[PDB]
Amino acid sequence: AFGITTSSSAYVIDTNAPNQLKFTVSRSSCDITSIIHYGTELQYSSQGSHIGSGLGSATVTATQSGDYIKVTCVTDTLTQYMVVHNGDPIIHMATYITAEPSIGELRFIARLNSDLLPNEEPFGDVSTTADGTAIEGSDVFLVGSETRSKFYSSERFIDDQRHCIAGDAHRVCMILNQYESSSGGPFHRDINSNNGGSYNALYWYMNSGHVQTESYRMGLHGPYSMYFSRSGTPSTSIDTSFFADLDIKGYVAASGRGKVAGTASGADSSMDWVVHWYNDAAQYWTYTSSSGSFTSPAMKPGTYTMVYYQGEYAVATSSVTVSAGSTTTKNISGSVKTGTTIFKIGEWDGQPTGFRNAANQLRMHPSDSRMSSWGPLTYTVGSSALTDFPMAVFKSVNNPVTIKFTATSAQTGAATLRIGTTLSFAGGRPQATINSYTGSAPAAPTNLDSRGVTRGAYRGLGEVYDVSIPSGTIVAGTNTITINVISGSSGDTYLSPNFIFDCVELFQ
């Protein structure tokens, strides 16, 4: 029956779902210590499913409110909520924090039986590290001759509404429709799952220091929902509005929110467009339609910075204020301006899309034998394909990148060489030489203090470096550009200073 079974050590919650879903919550730690779905135990027996690596000790309460049951777990700076609805095989959750956990990241981890749930969705075994030997830190491994990492299960948050682990008789998915308290914007990605050898972990990283570009946000994170199925795959359309009636700390209901609607215009129509709003309390985003129209998700009231991107490249920024129960009409427009182009490598989309190894880099390590050669490579404009230009240059692997190009007598005037990047590591930035002219050495970029290119990520601060080329330096005929990555830091192979390319353009 739908209900709560109380024992001195735990509360057992029965959702009364058709295919059965009951779970046990420790009254001492708030760990989920047992999960029974369709008569089968799914929880790893040696360590619980919980926030972080466990709350350790929490004050736990459980109550029924109509067709809902709420379990609340209070600690000094974090309150964890689990809510179930009679008849649904779902553990809905929300996590309220007044300070970031001591570890410096906020995650929920379900440690589930890997014999029953061996697979990872939607990316497969790229994040299966079971039987692997570490090749980088304790997070990238070699399984046979293939590189693997929990990071290779990652996805851009704007596109990560569902990820799961599964087997032939059970599937467990996270349904994520509320990233407002996370950090890093729509293009932040993070660890989603990892079959590591003892169990298969299913995660929601609410925030972390993994290629983090923003400060953390306090308040209520989520809701998020963990759905249990036999062989079905749940839709991401899951109503969690009932949280409004459960006195959930930090929960702002639909009635307390407003929206921003308008039309974005001017950017590159060959790219997807995204509008993003943020302030110290919350972040929101939406794709626009092909006509540029958009409507924001329901937003907490306040004043926000508003950004318009083509791909992940910001073309315009503005400010807007939202009030509860109202829609603020606000358009936004802009475009990427350069000049008369002599040559262009890649596109201004804030990504290394199209470059050599870019697709593989999201799902394997740069040292994987399946990667194409990193170089040093020579790209010749007019002959080389974009997949011959390295997605990244590392001071101690493929430095420098050489570009050869032909100019006409009409192109020998002053020009600007623009080297756009997405993410730096260990102070890497470009210094360019054009024929016998060397540009100045830029200062080191802001250090994000995080591995990234070796862990399937590329969304950094997007530093762009311009080099002014005087008239008469470009010559009619063949010209040579050398891009060296410079830095006072050092590292072994892919951990040497480096940066990922966005686009290189020479214009006048």
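Position 1 is the first residue in the sequence shown; the rest follow in order.
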**Fill in**
The stretch carrying the higher mean Cα B factor in the deposited entry, 146-154 or 265-273, is 265-273
**Complete:** For 194-202 versus 410-418, entry-based mean Cα B-factors point to 410-418
**Asked** Per the entry, which of 454, 64, 33, 450 tops the list for Cα B factor?
**Response** 64
**From 209, 137, 311, 89, residue of greatest CA B-factor** = 137
**Request:** Would you check the entry's CA temperature factor for residue 252 and let me know if it's in the chain's lowest, middle or highest third?
**Result:** lowest
**Fill in**
On the chain's distribution of Cα B-factors, residue 346 falls within the third called middle
**Prompt:** residue 404: which third of its chain by C-alpha temperature factor?
**Reply:** highest
**Item:** Cα B factor band for residue 228 (lowest, middle or highest third within the chain)
**Value:** lowest
**Request:** Would you please rank residue 306 by its C-alpha temperature factor against the other modelled residues of its chain and give the third it falls in: lowest, middle or highest?
**Result:** middle
